[PDB]
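The data below hold one chain only, encoded as structure tokens and taken in the form deposited in one PDB entry.
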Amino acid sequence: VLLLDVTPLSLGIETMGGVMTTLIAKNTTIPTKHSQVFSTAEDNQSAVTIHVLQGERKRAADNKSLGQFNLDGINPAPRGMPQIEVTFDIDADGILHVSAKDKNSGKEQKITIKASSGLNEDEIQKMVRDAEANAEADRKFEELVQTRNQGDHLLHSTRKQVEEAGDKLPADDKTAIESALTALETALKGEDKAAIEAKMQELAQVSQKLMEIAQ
């Protein structure tokens, strides 16, 4: 064949730290379907947002948003343990069906995204060259996000511990911990990985008695 009907750009969803995770690659022939399992970003997360994206960039913010829906009712669990099955199906009419299903709760939500959605032909060529020009920056972004997500997890866990600790934790331990949480949050907004890891460190150093209490 000299002609093939294809989805012209990658389709996928936003995942923790502003990353696009691809479910269908660019140039895949239609009809097609694919599924992948995802989980929650934080302990006890009760809902997830499925932000559907078209584009070749690893930064979610630089891809074309197609729609979004939430899936609620995820039962309490440590982060990474729920199994949220995401399915993208493009039918022969170019209609995109996306669903998410929580295997423990049985709950499911879905959206339909019509065939004319997303980028037009001019924008598709633009998107491809932009991802090529930004290949190496996007590889560094993905590294930055791995570290930001670790930092985000520590911030969350430590804060839950502060709460649960109540008065068992001495007041000057709490003062130092709050300062170190703020400094870690500030660092998370930068693009320097070492800077983030250094604040995680400064936090852990003021956290030993709290680690003892929690334990």
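We call the rigid core the largest set of C-alpha positions that still match within 1.5 Å between the two forms. Residue numbers here begin at 1 and follow the sequence given.
Averaged over their C-alpha atoms, the temperature factors of 186-194 and 66-74 are higher for 186-194.
Stretches compared: 30-38, 175-183. Higher mean C-alpha B-factor in the entry: 175-183. Per the deposited record, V162 carries the highest C-alpha B-factor of all listed residues (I50, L53, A47, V162). Per-chain ranking of the deposited C-alpha B factor places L144 in the highest third. Ranked against the other modelled residues of its chain, the C-alpha B-factor of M20 as given in the entry falls in the middle third.
In the PDB entry, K103 places in the highest third of its chain by CA B-factor.
A second form of this protein, the form deposited in another entry, is not displayed here; the remarks below concern that form.
The Cα position of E202 differs by 2 Å or more between the shown form and the other one after fitting on the rigid core. The Cα position of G55 differs by less than 2 Å between the shown form and the other one after fitting on the rigid core. In that other deposited form, the separation between the C-alpha atoms of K189 and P78 shrinks by 3 Å or more relative to the displayed form.
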